């Protein structure tokens, strides 16, 4: 069958609930696979290994809220974008020093290894310390203990976490930065499959299944 990489934990796109993986990416990929009559296996893994896993054809494709960028297109191929996102700053709820990303100059920021938040921080934020972690809930804990002053990560992730597990200990500040889109990722040379997936995605957007899945996770 097809082996589909996904993220160890990127709420609300893929995350362990019970002993099953659930999420927008999980639901979207299942509807695509039905539409195309493809059998598959889901393989959660830490994000930093995903793009390499594709480069070496260890997996057939991936969904892990993966942002489409020109640099990654040198290494892998992408579907049409299926979700419009950004980055958001999150701080402890008692914080008054940090109102936007501008106030991160000179602060300790926690981020997730291998993701575009690291690339953004290095490019635009004169941090005192950029502390990187394999998974984003490690960064949330670094913030919660006061070992970092903020976390920078994908907007829908920061917002869903606050809403579901933050327990009033965190808040988002400022607006969504760096408008970006997520795509399904493939190794080079998967053009036939990639165009089939793009076709099935257009179908789901026209027949109401995309909107149903979007409303289930994002209301």
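Residue numbers count along the first chain shown, from 1.
Chemist: Going by the mean C-alpha B-factor recorded in the entry, which is higher: 33-41 or 148-156?
Modeler: Result of the comparison: 33-41.
Chemist: For the higher mean C-alpha B factor in the entry, choose 195-203 or 21-29.
Modeler: That would be 195-203.
Chemist: Per the PDB entry, which option out of 76, 88, 98, 118 has the greatest Cα B factor?
Modeler: Comparing C-alpha B-factors across 76, 88, 98, 118, the top value belongs to 98.
Chemist: Choose from 70, 178, 46, 60 the residue with the greatest Cα B-factor as stated in the PDB record.
Modeler: In the PDB entry, the greatest C-alpha B-factor among 70, 178, 46, 60 is found at 70.
Chemist: Please rank the C-alpha B-factors of the chain's modelled residues and tell me whether residue 112 sits in the lowest, middle or highest third.
Modeler: Lowest third, going by the recorded CA B-factors of the chain.
Chemist: Ranking the modelled residues of this chain by C-alpha B-factor as given in the entry, is residue 15 in the lowest, middle or highest third?
Modeler: Tercile = middle for this residue's CA B-factor.
Chemist: Which third of the chain does residue 182 land in by C-alpha B-factor: lowest, middle or highest?
Modeler: Its C-alpha B-factor, which the entry lists for residue 182, ranks in the lowest third among residues of this chain.
Chemist: Is the Cα B-factor recorded for residue 213 in the lowest, middle or highest third of its chain?
Modeler: Its C-alpha B-factor, which the entry lists for residue 213, ranks in the middle third among residues of this chain.
Chemist: Using the B-factor values recorded in the entry, state whether the Cα atom of residue 173 falls in the lowest, middle or highest third among the modelled residues of its chain.
Modeler: Ranked within chain, residue 173 CA B lands in the highest tercile.
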